[PDB]
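Heads up, what comes next is one protein chain in two forms, each shown on its own as structure tokens, labelled structure 1 and structure 2.
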Structure 1
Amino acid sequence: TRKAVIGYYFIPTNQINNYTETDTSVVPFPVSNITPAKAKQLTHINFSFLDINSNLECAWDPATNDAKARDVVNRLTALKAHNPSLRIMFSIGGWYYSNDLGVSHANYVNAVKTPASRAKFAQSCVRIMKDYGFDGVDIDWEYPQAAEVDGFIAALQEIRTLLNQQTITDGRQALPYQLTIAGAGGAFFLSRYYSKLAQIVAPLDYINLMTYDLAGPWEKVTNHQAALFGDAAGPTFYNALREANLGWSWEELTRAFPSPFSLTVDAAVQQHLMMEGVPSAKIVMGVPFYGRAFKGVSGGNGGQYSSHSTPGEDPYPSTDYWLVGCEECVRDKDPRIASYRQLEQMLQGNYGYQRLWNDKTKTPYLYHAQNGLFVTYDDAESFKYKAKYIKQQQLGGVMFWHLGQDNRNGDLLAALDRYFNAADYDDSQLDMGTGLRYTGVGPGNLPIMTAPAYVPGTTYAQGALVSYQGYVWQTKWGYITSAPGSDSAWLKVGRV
């Protein structure tokens, strides 16, 4: 099965209203920049962002010019002529709209609250999709909380029902309408809905893990924002998942959620695989096409794992644009975020940066010795290890944020497509390194084991192993006289 390659296309309302394909000063990345070659390297384009209005329906930003917006979407759907597998999705949400303190957060909470509101919202999604020519629905709520999860899920089920009907009605069996979400890529936000991952994923074609922004100005110590594996010299974090409303025992929580742990991409993938009902083929690994910049770092380790003096406020509170060489940061008035395209021209422009590599996290980073700057980002070389990981773990594919941040040649997108599909690329000997792996074990990734069948009437000692009702169980203490699952003495440790 061909791996998914899901690239976000984000364009602000202002850029839609003044859309042009001939002037980077108003629209830096028009649809024209997506050539036929790039469209063939993509499987999905997530147009972003749409929102949920106060009428609890999916809708565009009220300031959007509908005619210009329809034209941009048409420019995107025209790309399907170059790739009959391409889907133009649209995304509802994003951090700005849907975060706890975001402008529209209440609309997300209310839209999923009742059967009537969910049916009304679900219909609005399909309607938006058919009216504008999209190929599926992507929900990016960051993030539903525990009491909202069940309503959120019933909404996803309802959208799945109407999409499947719309697929049959439209004869789209060859390219069915799809439903996806962007999921959390770190344990803290994941813990909000972690216990109900199976029911969340069941109606989805993919869950796109936002396995980036694992470091940023909101953290006291600088770090890699999308490390694949852990670095023992780097910071560790409290495993919030051991506090999720799972209803598991102490042993189960401990074996599944070691704490502290390394906040890595591999961690977020394994934590999804630990739950029953979450198939690997539905997991998509997100990767960033941008870097995160810190100032005020110390020396001695290339800027890694150092305290810093980067403002953490949103938006950027000053007009001090201290990322040398990033005049795209001047345009956006924020020196903390730089696209891969900008970072490339910073490296080749003699600005004082060194490209260093951490062979444990398998990610690059830039260090500025003179002004004390640190940048964490990804490139075509980090994508080689992540692509092999995707294949080894039988994941659904890759997602990235976002297209407009690739270089003008599109090397990041091409690298991803190459690593999955190029007949002349062979990563069988690529060294995945000795960085720390996430070693938790849960109900969904229990190892295959063999054990004698349980015998009623037997008294088992501590550590005895038996097979029962499909699993291998182990006693946590001695003198066990009841059956596995009947008694808290038995721990599930193996499968089949």
Structure 2
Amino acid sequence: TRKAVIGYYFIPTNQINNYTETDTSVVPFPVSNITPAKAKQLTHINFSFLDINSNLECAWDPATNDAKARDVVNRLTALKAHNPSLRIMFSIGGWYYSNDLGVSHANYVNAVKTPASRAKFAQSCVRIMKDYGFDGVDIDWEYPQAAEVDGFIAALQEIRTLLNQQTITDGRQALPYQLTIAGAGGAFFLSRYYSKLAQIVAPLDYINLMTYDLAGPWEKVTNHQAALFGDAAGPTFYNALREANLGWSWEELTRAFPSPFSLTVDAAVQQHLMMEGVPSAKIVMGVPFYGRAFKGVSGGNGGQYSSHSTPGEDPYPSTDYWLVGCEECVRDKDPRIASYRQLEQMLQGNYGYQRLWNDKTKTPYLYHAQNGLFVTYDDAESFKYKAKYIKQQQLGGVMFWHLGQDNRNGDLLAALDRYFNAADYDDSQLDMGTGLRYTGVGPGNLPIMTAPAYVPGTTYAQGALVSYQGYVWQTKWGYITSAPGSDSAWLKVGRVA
């Protein structure tokens, strides 16, 4: 099965309103930069972003020139002429609209509350999808929590119902409408809905994990934002999942959630796989086409794991664009984020950057020894490891933010497509390294085990293993006269074949 390659196409309202394909000062990345070759390398383009308005309906930013919006979407859908598998999805939400402190957050929370609000919202998603010619719905609510999850799940199920009927109504069996969401790629936000992952993913074609932004100026120690595996020399984090409302015992929580742990892509993927009912085929690994930068870093380890003096505030609080040679940073008024395209130019221009590689995390980084700068990002090399991981772990594919950040040659996207589909690319011998793997085991993903059937009336000693009602259980203390599962003395440690 072909691996998904889901690229975001993000275009701000002002750019849609002033859309032009011949003025990069107005529209840096027009749809025309998505060439037929690039179109063929993609399976999905997530057009972003639509939002949920106060009427609790999926809607374009009210300030959008609708005609221009249609034209931009048309340009993307026309790309399907180059690739019959391509879907132009549209994404609702995103960090700015939907984070807790985002302007539209209330609308996401309220839209999913009742059968009526969910029906109204779901219908609007499909209406928007059909009206503009999109091929599916992607929701990027970052992130529902608490009592919002059940409503969110129901809204997803509703949209799913509507999309499946729409596929029939339109005779779209050859390219059915799809439903996806951007999911957290780090334990902190993931903990908000982790316990219900199975229900959330059930109605989805894919859950695209934001397995990046795992480091940034909001953290006191510089680090790789998307390490595939962990570097023991790097910072570790509190495993927030152990605090999720799972109802598991101390032993189960401990087995599943080692803490502190290495905040890596592997950790997020394995954390999803520890949950029963979450198919690897639906998990899409997100990768960033941009780097995050810090200033004030110390030397010695190329800027890695150092204190720094980078403001973490959003928006960037100053006018000091200190990322040497980053012109797009000036444009976006923030020296803390830079497209791979821009980083590559910085590397090519005598700006003082040194490209280094961490072979544990399998990710690159730039170190500016002169001005004490550190940039964590991904490139075609880190993508080899991530692509092999995607194939080895049987994940659904890769997602990335965003198309305009690839270099002009579209090397990152070409690299992803190559690693998955090129007959002449062979990563069979690519060494995945000795970086730290996430080793948690969830009661939902226990290994197959074999043990003598439990015998009622038997008094078991501590450490005894028995098979019973589909699982192999182990006693946690002795003089056990209870049947496994009937009390607290037994721990499910394996599945019976």
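Residue numbering: sequential along structure 1, first residue numbered 1. C-alpha atoms forming the largest set that superposes within 1.5 Å between two forms make up the rigid core.
With the rigid core aligned between structure 1 and structure 2, only one of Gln469, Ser32, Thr439, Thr434 has a CA shift of 2 Å or more: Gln469.
When two forms of a protein are overlaid on their rigid core, residues whose CA moves 2 Å or more are considered shifted, and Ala67 is not one of them between structure 1 and structure 2.
Core-superposed comparison between structure 1 and structure 2: the C-alpha position of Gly485 differs by no less than 2 Å. Comparing the forms between structure 1 and structure 2, the C-alpha position of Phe47 differs by less than 2 angstroms, with the core used for superposition. Relative to the superposed core, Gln392 has its Cα moved 0.3 Å between structure 1 and structure 2.
Taking the core as reference, the C-alpha deviation of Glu327 between structure 1 and structure 2 is 1.0 Å. The rigid core superposition between structure 1 and structure 2 gives a CA shift for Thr458 of 3.1 Å.
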